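Shown next as structure tokens: one chain only, the form deposited in one PDB entry.
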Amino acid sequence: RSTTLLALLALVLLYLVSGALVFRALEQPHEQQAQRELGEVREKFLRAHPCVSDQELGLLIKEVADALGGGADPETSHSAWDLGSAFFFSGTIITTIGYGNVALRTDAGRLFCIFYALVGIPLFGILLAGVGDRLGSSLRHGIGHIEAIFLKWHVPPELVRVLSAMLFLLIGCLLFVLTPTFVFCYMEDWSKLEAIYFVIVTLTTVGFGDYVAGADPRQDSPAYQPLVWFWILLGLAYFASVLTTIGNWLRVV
């Protein structure tokens, strides 16, 4: 109904405005922290190095910024367009996650990226649907074994279907939300909260890019980097199935 969709627009609109109010309340007070820290770093340096003018240090910081903006990394191995990192980057496209912690610098890069995505995303969506059905099959099949127990306990077949869905997501959650967060906690030296933040920002395909795990491989733990890719793949499909059915429940409502 057009009448109802206008209502829905207005609702969303309120969900946005309400969001805006909260984020502003929580974040505006710290808008400037990074500037403050940069300035502290400058002033601290000047006090330690009498042979440097503020203005000279200024130029250094501009020049550093330009190079970083071109993809330089502070050195004290780190190439974001080596084969492995470029592979990862391509993944971030077709998944639509788009962390963007590394930007394309060339017009050719951008141009190519357009066609790469138009063709890549739907291609990936297909595989994802496929893995979603196959993963859900495996899960629902395993849960079916536990369902056998409930039905013998004379719990109504309607509730058993519900309990299995709860189990369906709860076990997935455990494997694809909880397990990874604990993993990344230890591996990335993030806090639990940072890790869950990352996980969920990732599996929703929001992909802010303030946190990123698997862009580069880790010596002394080879299985890490692939397992992360494997994880994103499996996790996305699990998340997708949840959204389609919760989307499924919602539209009829």
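For every residue, the number given is its place in the sequence shown, counted from 1. Superpose the two forms; the largest set of C-alphas matching within 1.5 Å is the rigid core.
Missing here is the form deposited in another entry; even so, the following discussion is about that form.
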Once the rigid core is superposed, exactly one of 200, 26, 67, 193 has its CA displaced by 2 Å or more between the shown form and the other one; which residue is that? 67
After fitting the rigid core, is the C-alpha of residue 210 off by 2 Å or more between the shown form and the other one? no
Rigid core superposed: residue 6 CA moves 2 Å or more between the shown form and the other one: no
Assuming the CA distance changes by 3 angstroms or more, are residue 87 and residue 216 closer together or farther apart in that other deposited form compared with the shown structure? farther
What direction does the residue 221-residue 86 Cα distance move in that other deposited form compared with the shown chain, closer or farther, given a change of 3 Å or more? closer
